[PDB]
Amino acid sequence: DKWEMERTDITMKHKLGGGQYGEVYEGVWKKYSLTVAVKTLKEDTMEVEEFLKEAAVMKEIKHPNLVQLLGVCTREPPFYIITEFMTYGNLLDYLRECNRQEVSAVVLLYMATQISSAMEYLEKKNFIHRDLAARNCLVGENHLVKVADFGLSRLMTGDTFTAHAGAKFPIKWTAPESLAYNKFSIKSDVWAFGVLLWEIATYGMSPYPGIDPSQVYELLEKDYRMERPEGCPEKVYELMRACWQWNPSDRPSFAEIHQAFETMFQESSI
Ligand SMILES: CC(C)[C@H](CO)Nc1nc(Nc2ccc(C(=O)O)c(Cl)c2)c2ncn(C(C)C)c2n1
């Protein structure tokens, strides 16, 4: 493909971190004097074909609020996925460490608007994220937020996919039908978006504070939901609650969610 790059085109600068399936490095694409992010493959955590398929999916993604693929190094090991660099790291650490006078209520609305826009695009393009959380959103200059998209899957909007036998999910972000039946759809991303709103509203607090993850399912089925965070506008909390409807079909679409946040963002600025 025209996405293939020479390994020598990039010079690594610094290791940013990395966890589950690979490390992230800050690098420089010398030919364009451009700072980039390089995703490596951690052997024994993820198979080569599963990693190459992630890159194939990213090739098709083009949105201002979705991390842009720049190139890939597949020919031989180690394999790399080269994307644009997001200067301030993940949204979780950013919210926890920020100056709340600078990152005010309007900036929070701005951030939710950008995320919902990326999700509306995935919904329109027949993609599912399956890992929406603040730690998977990246921040750039002037509160620019982009959703990381390594784990995207092709799924016709409305269809439900089933995860593999004995799959582990981050319980507190996972929709009840996904916890109980390993069923994932755009509606399960709507549920996770609800949790992401709560992380934004609390400036990076951990959801279901103090609650045992093994008791979350039973609580959700008995209609327990996180309460309205301090300072959260009731309209924004009504949206979280609409995202947390037990029935997937009762949850709003990302087009409706995006429209609601766009209106509130325009109004708050005015
Ligand atoms: C923990 C690592 C892996 C990080 C945060 O989630 N991932 C991570 N961090 C990024 N950039 C930064 C920016 C600043 C810092 C800093 O502290 O100075 C750090 Cl750690 C990373 C990044 N940019 C594009 N990507 C794509 C690959 C989407 C990134 N993934």
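Start at 1 and go down the list; that is how both ligands and their atoms are numbered. Just so you know, residue 1 is the first one in the sequence shown, and it goes up from there.
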Are any side-chain N or O atoms of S253 and backbone N or O atoms of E256, one a donor and one an acceptor, separated by less than 3.5 Å? yes
With heavy atoms of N90 as the reference, note each atom of ligand 1 found under 4.0 Å away. 5 (C), 6 (O)
For residues 171-187, pull every pair meeting salt bridge (charged side-chain N to carboxylate O under 4.0 Å, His left out), keeping only residues two or more places apart or in separate chains. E177-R251
With heavy atoms under 4.0 Å as the rule, classify the contact between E84 and ligand 1 as side chain, backbone, both or neither. backbone
According to the interplanar angle, ranging from 0 to 90°, do the rings of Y224 and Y208 count as parallel (below 30°), tilted (30 to 60°) or perpendicular (above 60°)? tilted
Among all the protein's heavy atoms, is there at least one whose distance to atom 16 (C) of ligand 1 comes out below 4.0 Å? no
One finds that the ligand 1 atoms under 4.0 Å from a non-hydrogen atom of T83 are 26 (C), 27 (C)
For side chain to side chain donor-acceptor pair (under 3.5 Å), just list the numbers for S153 and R130, CA-CA rounded to whole Å, side-chain angles, deciding distance to a tenth of an Å, and then say yes or no. CA-CA 8 Å; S153 293; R130 282 191 299 145; 2.9 Å; yes
Does the side chain of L108 reach to within under 4.5 Å of the side chain of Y203, using non-hydrogen atoms? yes
Go through the side-chain N and O atoms of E26 and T35 and say whether any donor and acceptor fall under 3.5 Å apart. no
Measure the shortest side-chain to side-chain distance between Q114 and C137 over non-hydrogen atoms and say whether it is less than 4.5 angstrom. no
Need the ligand 1 atom indices (1-based, order shown) with element for anything under 4.0 Å from a heavy-atom of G18. 3 (C)
Identity and distance of the protein heavy atom lying nearest atom 27 (C) of ligand 1: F150 CE1, 3.7 Å
To the nearest 0.1 Å, how far is atom 23 (N) of ligand 1 from its closest protein heavy atom, and which atom is that? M86 N, 3.1 Å
Would you kindly specify which portion of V67 sits under 4.0 Å from ligand 1, judged on non-hydrogen atoms: side chain, backbone, both or neither? side chain
Distance from atom 25 (N) of ligand 1 to nearest protein heavy atom, with residue and atom: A37 CB, 3.8 Å
Are any of the side-chain nitrogens in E23 or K42 under 4.0 Å away from the carboxylate oxygens of its partner? no
Does some non-hydrogen atom of the protein lie less than 4.0 angstrom from atom 4 (C) of ligand 1? no
In terms of atom number and element, which parts of ligand 1 are under 4.0 angstrom from non-hydrogen atoms of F85? 11 (N), 12 (C), 13 (C)
Could you tell me the residue and atom name of the protein heavy atom closest to atom 14 (C) of ligand 1, and the distance to it rounded to 0.1 Å? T87 O, 3.2 Å
Between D250 and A242 (side chain of the first, backbone of the second, donor and acceptor by atom type, cut-off under 3.5 Å), is there such a pair? no
Do me a favour and list the nearest non-hydrogen protein atom to atom 19 (C) of ligand 1 with residue, atom name and distance? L16 CD2, 3.8 Å
Which protein non-hydrogen atom lies closest to atom 30 (N) of ligand 1, naming both residue and atom, and how far is it? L138 CD2, 3.6 Å
